[PDB]
Amino acid sequence: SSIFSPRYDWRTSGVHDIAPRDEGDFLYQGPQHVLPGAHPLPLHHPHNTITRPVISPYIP
Amino acid sequence: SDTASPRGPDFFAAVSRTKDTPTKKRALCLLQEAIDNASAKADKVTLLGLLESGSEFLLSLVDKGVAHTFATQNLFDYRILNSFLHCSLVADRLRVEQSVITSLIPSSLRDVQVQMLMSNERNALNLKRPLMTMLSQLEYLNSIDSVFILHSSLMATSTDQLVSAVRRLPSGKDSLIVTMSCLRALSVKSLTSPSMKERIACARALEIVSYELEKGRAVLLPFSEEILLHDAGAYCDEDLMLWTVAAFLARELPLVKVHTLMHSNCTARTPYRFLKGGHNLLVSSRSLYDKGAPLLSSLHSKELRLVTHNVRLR
Amino acid sequence: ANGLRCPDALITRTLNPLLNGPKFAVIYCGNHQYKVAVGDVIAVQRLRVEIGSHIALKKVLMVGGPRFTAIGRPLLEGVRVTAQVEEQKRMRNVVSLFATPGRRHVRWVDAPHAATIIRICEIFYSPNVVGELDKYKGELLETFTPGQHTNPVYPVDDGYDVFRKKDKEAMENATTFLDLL
Amino acid sequence: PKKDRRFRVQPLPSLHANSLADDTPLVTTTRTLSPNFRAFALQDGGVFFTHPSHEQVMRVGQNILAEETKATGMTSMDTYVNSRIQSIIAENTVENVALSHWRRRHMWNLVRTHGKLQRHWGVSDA
Amino acid sequence: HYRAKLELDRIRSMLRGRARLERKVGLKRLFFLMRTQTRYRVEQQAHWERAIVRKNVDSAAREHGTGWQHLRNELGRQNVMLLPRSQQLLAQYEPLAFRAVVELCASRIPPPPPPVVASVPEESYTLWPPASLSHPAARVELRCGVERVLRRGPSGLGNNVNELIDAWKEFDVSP
Amino acid sequence: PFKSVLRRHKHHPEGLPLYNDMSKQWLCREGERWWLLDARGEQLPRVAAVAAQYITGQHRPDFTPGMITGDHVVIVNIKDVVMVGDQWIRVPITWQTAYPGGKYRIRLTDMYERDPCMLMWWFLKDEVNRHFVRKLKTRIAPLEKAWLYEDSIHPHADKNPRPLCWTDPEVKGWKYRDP
Amino acid sequence: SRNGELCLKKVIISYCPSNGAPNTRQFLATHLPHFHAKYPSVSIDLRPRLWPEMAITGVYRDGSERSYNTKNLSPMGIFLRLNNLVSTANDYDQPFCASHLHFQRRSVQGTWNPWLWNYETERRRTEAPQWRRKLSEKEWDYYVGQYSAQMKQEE
Amino acid sequence: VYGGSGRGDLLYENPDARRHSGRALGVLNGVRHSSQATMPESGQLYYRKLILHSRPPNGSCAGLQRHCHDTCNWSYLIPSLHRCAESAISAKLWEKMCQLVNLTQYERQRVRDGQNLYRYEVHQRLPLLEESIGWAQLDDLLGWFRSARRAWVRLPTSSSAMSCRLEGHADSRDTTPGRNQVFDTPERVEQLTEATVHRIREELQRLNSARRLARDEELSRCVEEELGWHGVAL
Ligand SMILES: [Mg+2]
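If you check the header, you'll see the entry was determined by cryo-EM and the resolution is listed as 3.39 Å.

## Re the overall build of chain G
Broken down by element type, chain G carries three helices and five strands. Its helices and strands taken in sequence order, chain G reads β-α-β-β-β-α-β-α from the N to the C terminus. Its C-alpha atoms give chain G a radius of gyration of 39 Å, more than 25% over the compact-globule value 15 Å for 155 residues. With respect to the three principal axes, the spread of C-alpha positions in chain G is 120 × 30 × 25 Å.

## A few points about the interface of chain G and chain F
At the junction of the two partners, chain G supplies seven residues and chain F supplies nine residues. For the pairing of chain G and chain F, the buried interface totals around 610 Å² over both sides, and the portion due to carbon and sulfur atoms is 53%. Between the two partners, chain G and chain F, sit zero salt bridges. Linking chain G to chain F there are three residue pairs in polar contact. Classifying every residue of the side of chain G that touches chain F gives four nonpolar, two polar and one charged.

## Things to note about the nonpolar core
One finds B:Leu58, B:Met134 and B:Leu176 to be the most contacted residues of the largest nonpolar core, which totals 98 residues. Considering each element in turn, this core owes the most residues, nine residues, to helix α13 (residues 240–251) of chain B. Counting residues in each nonpolar core, the second largest holds 57 residues, with D:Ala41, D:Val47, D:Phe49 and D:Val60 among its members.

## What to know about the side chain of B:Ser187
Looking at the element boundaries, B:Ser187 is found in helix α10 (residues 180–188). In this structure, B:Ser187 is in contact with B:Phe84, B:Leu206, D:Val123 and D:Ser124, ignoring residues within four places of it in sequence.

## A look at the pattern of salt bridges
Where charged atoms from two side chains of opposite charge approach closely, those side chains can pair. Under the definition given, this model contains 63 salt bridges over all chains. Among the ionic pairs, H:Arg149 bridges to H:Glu225, the shortest N-O distance being 3.1 Å. Under the relative-accessibility criterion, H:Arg149 is labelled partly exposed at 26%. H:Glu225 gets classed as partly exposed once you look at its relative accessible area, which sits at 30%. Residues joined in a network through salt bridges with shared partners are A:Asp25, G:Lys10, G:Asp45, G:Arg47, G:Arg49 and G:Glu53.

## Quick word on a nonpolar patch on the surface
Together, C:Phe98, C:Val109 and E:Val42 line one region of the surface with nonpolar side chains, adding up to about 220 Å² of accessible area. Position of E:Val42 among the secondary structure elements: in helix α3 (residues 23–43).

## What to know about the environment of B:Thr133
Residue and element names in this part refer to chain B. Assignment of secondary structure puts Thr133 in the loop between α7 (112–121) and α8 (138–141). Exposure remark for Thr133: the relative accessible area of 1% places this residue in the buried category. For the pair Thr133 and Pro222, spaced 89 residues apart in sequence, the C-alpha separation works out to 7.3 Å. With residues up to four places along the chain from it excluded, the contact list for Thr133 reads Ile101, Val219, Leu220, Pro222 and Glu225. Separated by 2.5 Å, the side chains of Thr133 and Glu225 make a polar contact.

## Topic: empty space enclosed by the protein
Counted as a void, the largest cavity has a volume near 170 Å³. Along the walls of the largest cavity sit 16 residues, with D:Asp78, D:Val81, F:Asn160, F:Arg162 and G:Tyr119 positioned nearest its centre. Put simply, the parts of the chain that give the lining of the largest cavity at least two residues each are α1 (54–69) and α2 (76–89) of chain D. By residue number, the principal contributor to the lining of the largest cavity is α2(D), which donates three residues. Classifying every residue of the lining of the largest cavity by side-chain character gives eight nonpolar, two polar and six charged. If you go around the second largest cavity, the residues you meet are B:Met132, B:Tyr140, B:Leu169, B:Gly172, B:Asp174, B:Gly216, B:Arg217, H:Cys72, H:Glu131 and H:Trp135.

## Regarding the interface of chain C and chain D
Counting residues at the interface gives 41 residues for chain C and 30 residues for chain D. Of the roughly 3200 Å² buried at the junction of chain C and chain D (both faces included), carbon and sulfur atoms supply 56%. The interface formed by chain C and chain D includes one salt bridge. Between D:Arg38 and C:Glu132 there is a salt bridge, with its nearest N and O atoms 3.3 Å apart. Remark: the boundary between chain C and chain D carries 17 residue pairs in polar contact. For the side of chain C that touches chain D, the elements supplying multiple residues, two or more each, are α1 (9–15), β6 (68–71), β11 (129–134) and α2 (169–172) of chain C. For the side of chain C that touches chain D, the leading source of residues is β11(C), giving five residues. A per-class count over the side of chain C that touches chain D returns 23 nonpolar, eleven polar and seven charged. Strand direction decides the pairing type here: β6(C) and strand β2 (residues 47–50) of chain D, joined by four bridges, are antiparallel. Counted as the bridge partner of C:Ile71 is D:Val47 from β2(D).

## Quick word on a positive patch on the surface
Taken together, the side chains of D:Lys2, F:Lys3, F:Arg134 and F:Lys135 make up a positively charged region of the molecular surface. Structurally, F:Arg134 is set in the loop between α4 (117–129) and α5 (136–143). Classification of F:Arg134 by relative accessible area gives exposed; the value is 77%.

## Observations regarding the sheet that holds strand β5 (residues 308–310) of chain B
All names here are of chain B. A sheet is described by the order of its strands in space; here five strands give the open sequence β3-β2-β1-β4-β5, paired in parallel fashion. In this open sheet, the two strands that pair with only one neighbour each are β3 (219–221) and β5. Recorded for the sheet is a direction-independent mean angle of 30° between the axes of neighbouring strands. When strand β1 (residues 146–150) meets strand β2 (residues 174–179), the two strands line up parallel, connected through four bridges.

## Describing unusual backbone geometry
For the peptide bond that leads from E:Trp128 to E:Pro129, omega is -10°, which places it in the cis range. Position of E:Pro129 among the secondary structure elements: in the loop between α7 (95–106) and α8 (136–151). Located in the positive-phi region is G:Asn90, a residue other than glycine, with phi close to 60°. Position of G:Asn90 among the secondary structure elements: in the loop between α2 (75–86) and β5 (123–124). Here G:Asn90 falls in the buried class, since its relative accessible area comes to 4%.

The rules behind each value
Note on numbering: positions run from 1 along each chain as its sequence is written and may not match the entry's numbering; residues without coordinates are not listed. To label them, take the chains in the order written and letter them from A, then take the ligands in the order written and number them from 1. Shown here is not the whole assembly but part of a larger one, and the values apply to the part shown. Side-chain measures were taken over the full set of non-hydrogen atoms in the model, leaving aside hydrogen atoms and water. Where helices and strands are cited, they refer to DSSP runs of H or I of at least four residues and of E of at least two residues respectively, numbered from the N terminus. The quantity called the radius of gyration is restricted to C-alpha atoms. Its globule counterpart is 2.2 Å times the number of residues to the power 0.38. What makes two residues a contact is simply this: any of their non-hydrogen atoms within 4.5 Å. Buried area, as used here, totals the accessible surface that two parts lose on assembly, with accessibility defined by a 1.4 Å probe and the loss added over both. Think of a salt bridge as a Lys or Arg side-chain nitrogen and an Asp or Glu carboxyl oxygen that are within 4 Å of each other. Polar contact is the term for a pair of N or O atoms within 3.5 Å; when the atoms are in protein, one must be able to donate a hydrogen and the other to accept it, and sequence-neighboring residues count only if both atoms are side-chain atoms. Each residue gets one label: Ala, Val, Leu, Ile, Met, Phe, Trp, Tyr, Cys and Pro are nonpolar, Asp, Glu, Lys and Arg are charged, and the others, such as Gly, are polar. What makes a nonpolar core is a set of buried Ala, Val, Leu, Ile, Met, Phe, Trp, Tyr and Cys residues whose side-chain atoms join them at distances within 4.5 Å. A 1.4 Å probe rolled over the protein chains alone gives each residue an accessible area, and that area as a share of the maximum for its type sets the label: buried under 20%, exposed over 50%, partly exposed in between. Each patch is built from salt-bridge-free residues with over 30% relative accessible area, joining like charges within 9 Å and nonpolar side chains (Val, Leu, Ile, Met, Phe, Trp, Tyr) within 5 Å. With residues, only the protein chains shown are counted as cover, and all accessible areas are computed by Shrake-Rupley using a 1.4 Å probe. Think of a 1 Å grid over just the protein atoms. A cavity is a set of points where a 1.4 Å probe fits yet cannot get out, a pocket is an open set with protein on both sides within 12 Å along at least five of seven lines, and lining residues have an atom within 4 Å of a point. Grid points are joined across faces, edges and corners, and a volume is the space filled by probe spheres set on the points. Any two strands between which DSSP finds at least two bridges are classified as paired. Under the counting rule used here, the positive set is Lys and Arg, the negative set is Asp and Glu, and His together with the chain ends is not counted. Here the site of a charge means NZ on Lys, CZ on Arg, CG on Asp, or CD on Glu. Lines fitted to C-alpha atoms define the axes here, with helix axes fitted over just the stretch in contact, and angles between the N-to-C directions of these axes take values from 0 to 180 degrees.

If you want it as structure tokens, here you go:
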């Protein structure tokens, strides 16, 4: 619910099955590892130049 | 202070209450001597007599190393089992397999879940059933959903509740703990009673259980293992062992549903009003849930009763 | 533990074996006093300390063994109490509920109490003793002898009081052993 | 307003005004084991007490008990008490099961029945 | 209006039949219970429990022929600062130490002197300079600091004070 | 419910249990010792107080409210117990029977005529109920640890009662203040 | 962290790489490598999925799961709930009370039992002028002096 | 582990998260403290004891008074493994496959689905299979090979799906105790197969009218052609 309200923090167990999906899941390797989707800014649409191609002389 | 006589059973029953250490250290020597004499004379009565009381004496010792060592080199398991009525084939199976059984018993009884977690992690890196013994088979008991701990007071007027207890064994989700305390307690009231009813009912109880142990469904706590499990220097009988077990796997195997098979009359059904201590300051209500405390610190609190159900099956 | 120290030798050799074996301490931490043993675990109020760190505790009210007891007037010097930060966690919720009967206002206040959970490692003690101390007459006793009682103690029966209640005669004449010998 | 049910401390002997004078503490403890608590003065300003251990004190208690019961003999209560002092001196552990339990389970040693069903230290197959 | 239905709806298992079955009844029961215990906890149990503690320490003093009434005063007098909870812990788990406290009280052993007012050194009044040197008060207070550094436990610094003051000359390159 | 409706009653033939012989979670008899209280000359109420606190278990350092562990007090010579001044003649004992006519106002002298023992039992009742009322098992269970014998003859030689040496600190005579 | 070993083993982090709710992606970007470098022993497994669970989850060494709801929570908060995951062994929740401050009870000297202080009796500082005693001559003279004095003043 | 998923069950039941229900979690049945309301602290062993052991007994559990199933019998488990074979692979299909790859794509996926599922539920039953080889019977030792054959799966003795391990990294894998998951399947199926061959010859040595004549003709004939399909002799 709301961040403050005590209803938040519920479901202490069971939210995740503790076991990886054997296709998509992987361990974090380290600081040298490039994660899909990860960016330091709050992007609600994380589109890069490949997904949403921009046509102009220079990338802004 | 007097040699040239083997000490009878009564003596060793007598020295199990004295907290004096050099006394016990002396009496153990006496026990060894007495057993070897008795084995020389080939008389069962003196020997077996020397085994029961001696067993209690060994439960009274503080050091478990010397106790277990003593119990194994004097061979209490095989000898004691040969006395009981229908436990015979389970007698020699032990002396065949104990070299194997001692291999599977974990080094410590503290923090079991962690131990077998690491024992699971090794198996992630690149069977003929032996006698079911509770300490070796710990890893088995986590797979099992329900544990029925057998108590001897069930055998009165009928065997049918036990019989209904071994109906659930093939289910794969259930297991039956039979200690040497309840076996002994069964055999001694097979020959002693006000009635000719419960004697027959114990008589066939023994062969039911022996059948299940030989078949490898039920699970047995031998005297040697019983020594390791129970807390140091504390006396244990066919009341307390029930609850030392029931406290043990309530503490160390938190997901197994512990059921207790007893008679509605029996004293040990309510371990906190009967079977209690005094007002002890070194124990608390939460003493069941910490790893450092002795098991028998559990029964001052009702929390032992929470986690341990006692049922009549059919 | 570096042993006790005094300008007198006899008192040092006397009280040297006295300090050996398990020691309990009484520790002031965050306005809560603790009885502390070697392997004991306490939950102190939240300390800002990294987990698995190694800590000494400054405020120590009292230290004692099976044999000796050192009573700190307000605090003691020389005591080494070394503990180890084990956990830092918030403990079981205390839910306070405030509702006024006249008003429709209900307030749910959760108090998980934050705490640092501490395991203890060492208790060492190395006092500097000045001298033997006469307790019935106030003085520092100059010469120390172990064999003689510093203050001898005498039974109460005058015969003067008829209505003095009589405890059993072996309780009333009982002389106590010499401990330091 | 409700009647106060908290526990009340017992009254204590009234002072004769001697206590008012400084250098006279108003705690009077002069007791049997008193001379054994030896006071030493630390450099800190704190004190250092030397005392007999737990089992020594209880051994003294045991000696006084035996010495009072040498005359009239030892009564059952004295028996039980001496037993417990003797146990707690040598303890080495903590005792969690009732003292009577062992006696209740061993009662068959005390009361013997007829020899048909008579129970011995070995029973089965005999 | 917020009555906290949606949290307390999860507790009902601790109520017996009529309350655990029907929702509103149970919620009234739990609201009542928790408000009650909250009130009680804040204003009363604080007194009940310290009453218990006082009782235990007092009886433990009774075994020694005195009581709480003197013991409080002379734990105050000799500046011991043992909280009554701690006195209970000592009475129950270390009878000998509690006894030692009692006989520290009952003895005539002078209680520690009142804390000293911090005093000016005499060398503050020495004019500097008189007519590359240090104010004498400064080096005296430096002394007093180094001594309390050497006072806490053993260390590799040693116990000798002088050269430890002069330790700035070993970082000094001689021209 | 937890506590049952079918309850052990005084008219029910099963009868009312004796807590000395009972075995229950909150009853510990292991560490008790026996005391002997000579009541010659001592005021009734004071004796009641001291006995109440040995009996209740409050004289112990480890005493806990919910755990009832008492010492057995053998109170000897109830007949010689001294009540100060006019009080024997003036101090009421009042109880109210539920029925038409709810007043019995009865002098200490009359209770002393019927049984002297009932006086000590009465004041013990009061001094125990002063801290425990709200639960029956906490009121009743201690009282059975009093043994009230109105002279110097008692069965209890075998428990070796230790003479309880007590002097009343209170100088003034007892004072009846009951609203 | 007991006896030099962290009790936490896995951290389960599920997130959606393309869809929305950037907070977890922020967390993976700026705060995670600071955590991993500080606590190397903890295996972090990432679970990209279309409709992600928005809760963080720890897994401890006794086989205990512990989870915190992260829905539209700042990565600062997520980092903090993570560091809250590490700092607990998840064995218990005891209340913070006076009886719960000491987890186990222990006596170094010994526990009080009713019989250790029982056999002590009250004593006197200086020895008693016994009532029944043989008076010395000075004593005779002084006491007879006293008696004769009070008799004299009375008569 | 009590209520939701037993030792030898085929469900994957997540005990802590309720995914099968029609209603929000209104009343939590096992609860110890009143602080369980806003922070239940489930996931701790000592509280999930209290929750999971208060659940009502299922069709899987067969609670105390009710009579339970005889599961650990090998003679149940083998036809159980066999009824899995007729699920994915139809009789018609089986025939076409028996002959001798030309098969409908759609159809093909059913064969590999059979292989997949059979692998799974062998993984589930083997902790109950390893218990029972001892009193297992001559027909249903042979059934072990019949059922693997019908599901079109070759058993590892050193097409086959049973040889490889499912991939995942050992740090990420689920090692939680109390959940019976054998991490080496191809290593413990292999020594299950070898064991169940070795027991067969014991009972054929033990087994030495026209009923016994024809029987002893036929099943002796079935041994070499069924064990021969998995490459095992004798
Ligand atoms: Mg408060």
